[PDB]
Amino acid sequence: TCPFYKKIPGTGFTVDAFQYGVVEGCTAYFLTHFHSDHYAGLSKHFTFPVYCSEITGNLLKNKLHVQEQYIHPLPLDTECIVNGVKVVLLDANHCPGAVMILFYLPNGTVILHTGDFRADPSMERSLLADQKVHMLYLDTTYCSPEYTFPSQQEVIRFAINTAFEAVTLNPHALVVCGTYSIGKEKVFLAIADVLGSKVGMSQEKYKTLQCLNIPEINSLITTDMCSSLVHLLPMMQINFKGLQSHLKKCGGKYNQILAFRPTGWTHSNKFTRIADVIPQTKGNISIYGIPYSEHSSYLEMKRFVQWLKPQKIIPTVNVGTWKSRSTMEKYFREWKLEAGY
Ligand code: NI
């Protein structure tokens, strides 16, 4: 049955709650973003109203084949009414079309659901600043002080300079970027832009990108692999074996590969700076691991919560074990004692 952390009290709404069949009492199902864990259970067979961003709607329509009559896309940064209740969608700074949702309940309580997010100081001057938020449903993916990472911009600058140098040294080198869902698109778009190339990819992946309201997209991506010097492949293929094999398939148009595996955190964030990063190499193929995160670091999450000053926090990630919940409660108390709410 549908957990309490996916229900919004005093409404018949739920959030990211598609895997439990019909939820008794639920008149509207919100979807924060198009990642499979969150959409799990949605298909052409779903027949209740789904509320979401425009981008998330395009993906539902085109990739999942949800019937149009059930898709209710809402604009960002706009006060809207849904079944008698005032809501607002905000940019979550996660993957394309991902939202936070603000619910203004009839009793005067205000609730923020972050979905998945990467907290940023620009969220401190949104519509959130205009009133007290009483309850917060929080993306707690990285809620522990060991989780540090560079900014998105530091990582992109590194990727840019690396790719430019390698291809000016060897103009018959190919650049590859691994991917498994939407998100982290700036990695490959910024590499392509500095090399004066379009990004080549499979038909399924091109169909996905075409839904994302990216401006001038037709000038940036193609399905013609041969015409392009940056290619996208599944993350699973980003290894020496998979990369040699792909290199054979391109018809001796390239004699070297430089590949990037964007990841979350792994243990080497705890010593290394982005500037110290060196690849793994076997022969004419080099692989770089780059920590491009679309979740809040511990410090970004803590700052956001200390600013917001919620009366109650409801975690949405790592809630499956008592040890994690207990650990998270401990950090919420510290934050509250330091900041005085
Ligand atoms: Ni996500």
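Computation of the quantities below employed the complete heavy-atom set of this structure, encompassing side-chain atoms and omitting hydrogens, waters and symmetry-equivalent molecules. The residues of the chain are indexed from 1 along the displayed sequence.
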Student: Is there a path of hydrophobic side-chain contacts, each under 4.5 Å between heavy atoms, that joins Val22 and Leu42?
Tutor: yes
Student: Mark yes or no for whether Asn255, through its side chain, and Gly252, through its backbone, hold a donor-acceptor pair below 3.5 Å.
Tutor: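 No, because the side chain of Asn255 does not come within donor-acceptor range (under 3.5 Å) of the backbone of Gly252.
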Student: If you compare all heavy atoms of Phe164 against all heavy atoms of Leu195, which two are closest, and at what distance to 0.1 Å?
Tutor: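 Looks like CA-CD2, 4.0 Å.
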Student: Quick one about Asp116 and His33 (side-chain donor to acceptor, distance below 3.5 Å, no hydrogens or angles considered), yes or no?
Tutor: yes
Student: Under a 3.5 Å distance rule, please check whether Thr78 uses its side chain to pair with a backbone N or O of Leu76 as donor and acceptor.
Tutor: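 Yes: the side chain of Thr78 pairs with the backbone of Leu76.
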Student: Please examine the side chains of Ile274 and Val155, heavy atoms only from C-beta on, and report whether any two atoms are closer than 4.5 Å.
Tutor: yes
Student: Using every non-hydrogen atom in the two residues, find where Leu258 and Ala163 come nearest and quote the distance to one decimal.
Tutor: CD2-CA, 4.1 Å
Student: Would you find a donor on one side and an acceptor on the other, under 3.5 Å apart, between the side chain of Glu79 and the backbone of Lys86?
Tutor: no
Student: Just so I know, are the side chains of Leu102 and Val87 near enough to count as touching, which here means a heavy-atom distance under 4.5 Å?
Tutor: no
Student: Of the non-hydrogen atoms in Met123 and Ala92, which two are nearest, and what is the gap between them?
Tutor: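 What the structure gives for the nearest pair is CE-O, 3.7 Å.
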Student: To the nearest 0.5 angstrom, please state how far the OG atom of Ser293 sits from the CH2 atom of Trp265.
Tutor: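 That separation rounds to 12.0 Å.
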Student: With no hydrogens and no angle check, do the side chains of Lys249 and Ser245 hold a donor and an acceptor under 3.5 Å apart?
Tutor: yes
Student: Decide if the gap between the ring center of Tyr137 and the ring center of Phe103 is smaller than 6.0 angstrom.
Tutor: no
Student: Please check if any side-chain donor atom of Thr140 sits under 3.5 Å from a side-chain acceptor atom of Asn318, or the reverse.
Tutor: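 There is no such pair (donor and acceptor under 3.5 Å, judged by atom type) between the side chains of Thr140 and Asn318.
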Student: Give me the ring orientation class for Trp307 and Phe304: parallel if the planes are under 30° apart, tilted from 30 to 60°, perpendicular past 60°.
Tutor: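 If you compare the ring of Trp307 with that of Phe304, the planes turn out tilted.
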Student: Where the side chain of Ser181 meets the backbone of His35, is there a donor-acceptor pair that is under 3.5 Å apart?
Tutor: no
Student: Evaluate the side chain to side chain contact (heavy atoms under 4.5 Å, CB included) criterion for residues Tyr292 and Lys186: first the C-alpha distance (whole Å), next the side-chain angles of each, then the deciding distance (0.1 Å), finally the verdict.
Tutor: CA-CA 10 Å; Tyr292 188 90; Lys186 184 72 189 196; 3.9 Å; yes
Student: Taking everything shown except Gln131 itself, do over 12 heavy atoms lie less than 6.0 Å from its CD?
Tutor: yes
Student: If we only count heavy atoms from C-beta on, is the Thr223 to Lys205 side-chain gap below 4.5 Å?
Tutor: no
Student: How about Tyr142 and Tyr298: are their ring centres within less than 6.0 Å of each other?
Tutor: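 Ring centroids of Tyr142 and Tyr298 are no less than 6.0 Å from each other.
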Student: Any ion pair linking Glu154 and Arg273 (charged N to carboxylate O, less than 4.0 Å)?
Tutor: no
Student: For the residue pair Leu60 and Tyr70, establish whether any side-chain heavy-atom pair is separated by less than 4.5 Å.
Tutor: no
Student: Any heavy-atom pair between the side chains of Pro291 and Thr266 that's under 4.5 Å?
Tutor: no
Student: Roughly how far, to the nearest 0.5 Å, is CZ of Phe188 from CG of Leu209?
Tutor: 5.0 Å
Student: Does NZ belonging to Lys323 count more than 12 external heavy atoms closer than 6.0 Å?
Tutor: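 Atom NZ in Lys323 is not packed in, count stays at 12 or less.
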Student: Do side-chain atoms of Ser227 reach the backbone of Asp224 as a donor and acceptor pair under 3.5 angstrom?
Tutor: yes
Student: For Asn83 and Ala28, work out which heavy atoms get closest and say how close.
Tutor: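 Nearest heavy atoms, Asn83 then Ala28: ND2-CB, 3.7 Å.
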Student: Assess whether side chain to side chain contact (heavy atoms under 4.5 Å, CB included) is satisfied between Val66 and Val50, documenting all intermediate values.
Tutor: CA-CA 10 Å; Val66 175; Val50 176; 5.5 Å; no
Student: Hey, are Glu294 and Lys184 close enough for a salt bridge, meaning a charged N less than 4.0 Å from a carboxylate O?
Tutor: no
Student: Under a 4.5 Å side-chain heavy-atom rule over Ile, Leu, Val, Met, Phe, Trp and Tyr, are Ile221 and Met225 clustered together?
Tutor: no
Student: Going from OG on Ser296 to NZ on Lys302, what distance comes out if it is rounded to the nearest 0.5 angstrom?
Tutor: 13.5 Å
Student: Determine whether more than 12 heavy atoms belonging to other residues, nucleotides or ligands lie under 6.0 Å from atom CD1 of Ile278.
Tutor: no
Student: CG of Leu233 to NE2 of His246: how many Å apart, nearest 0.5 Å?
Tutor: 5.0 Å
Student: Could you tell me if the ring centre of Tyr29 sits under 6.0 Å from that of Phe46?
Tutor: yes
Student: Looking at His172, I'd like to know if its NE2 atom is crowded, meaning that more than 12 non-hydrogen atoms belonging to other residues, nucleotides or ligands lie closer than 6.0 Å.
Tutor: no
Student: State the CZ-NE2 distance between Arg118 and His94, to the nearest 0.5 angstrom.
Tutor: 12.0 Å
Student: Please give me the minimum heavy-atom distance between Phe18 and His38, naming the atom from each residue.
Tutor: CD1-O, 3.5 Å
Student: Are the side chains of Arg261 and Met235 in touch, meaning some heavy atoms are under 4.5 Å apart?
Tutor: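 SC-SC contact between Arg261 and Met235 confirmed.
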Student: Within the structure provided, determine whether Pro145 and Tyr331 are in side-chain contact (heavy-atom separation under 4.5 Å).
Tutor: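 SC-SC contact between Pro145 and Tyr331 confirmed.
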Student: Strictly distance-based, threshold 3.5 Å: is any side-chain N or O of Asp139 a donor or acceptor partner for the main-chain N or O of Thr114?
Tutor: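 Checked: no pair found.
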Student: Could you go step by step and tell me if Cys177 and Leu232 meet the side chain to side chain contact (heavy atoms under 4.5 Å, CB included) rule?
Tutor: CA-CA 5 Å; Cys177 300; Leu232 298 204; 4.1 Å; yes
Student: Would you say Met328 and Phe4 are hydrophobically clustered, going by side-chain heavy atoms of ILVMFWY under 4.5 Å?
Tutor: yes
Student: Got a donor-acceptor contact below 3.5 angstrom from the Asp276 side chain to the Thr272 backbone?
Tutor: no
Student: Checking side chain to side chain contact (heavy atoms under 4.5 Å, CB included) for the pair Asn284/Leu247: CA distance, chi angles, key distance, verdict?
Tutor: CA-CA 10 Å; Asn284 58 334; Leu247 189 58; 3.6 Å; yes
Student: May I have the step-by-step check of salt bridge (charged side-chain N to carboxylate O under 4.0 Å, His left out) for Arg303 and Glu124, ending in yes or no?
Tutor: CA-CA 10 Å; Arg303 169 169 183 140; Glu124 298 162 18; 2.9 Å; yes
Student: Any chance CD of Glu68 has more than 12 other-residue heavy atoms, nucleotides or ligands included, within less than 6.0 Å?
Tutor: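 12 or below, so no.
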Student: Under 4.5 Å between side-chain heavy atoms, hopping through other hydrophobics if needed: is there a path connecting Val317 to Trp335?
Tutor: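 No, it is not one cluster - the side chains of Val317 and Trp335 are not joined through contacts under 4.5 Å.
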Student: Find the distance between CG (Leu243) and CD1 (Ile238) and round it off to the nearest 0.5 Å.
Tutor: 5.0 Å
Student: Does the side chain of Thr148 come under 3.5 Å of the side chain of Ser297 through a donor N or O and an acceptor N or O?
Tutor: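 No, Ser297 and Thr148 have no side-chain donor paired with an acceptor closer than 3.5 Å.
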Student: Among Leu136, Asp91, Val88, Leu112, which one satisfies side chain to side chain contact (heavy atoms under 4.5 Å, CB included) with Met100?
Tutor: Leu112
Student: For the backbone of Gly97 and the side chain of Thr56, can you confirm whether one donor and one acceptor N or O come within less than 3.5 Å of each other?
Tutor: yes
Student: Which heavy atom of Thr316 sits nearest to which heavy atom of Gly115, and what is that distance?
Tutor: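 Closest pair (atom of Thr316, atom of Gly115, distance): OG1-O, 4.5 Å.
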Student: Regarding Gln153 and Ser151, do their side chains bring together a donor and an acceptor under 3.5 Å, going by distance alone?
Tutor: no
Student: Quick one: are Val194 and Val167 in side-chain contact, heavy atoms under 4.5 Å?
Tutor: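 Side-chain contact under 4.5 Å: no.
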Student: Is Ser228 reaching over with its side chain to a backbone N or O of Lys198, donor-acceptor style, under 3.5 angstrom?
Tutor: yes
Student: Would you call the rings of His72 and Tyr51 parallel, tilted or perpendicular, where under 30° means parallel and over 60° means perpendicular?
Tutor: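 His72 vs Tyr51 ring planes: parallel.
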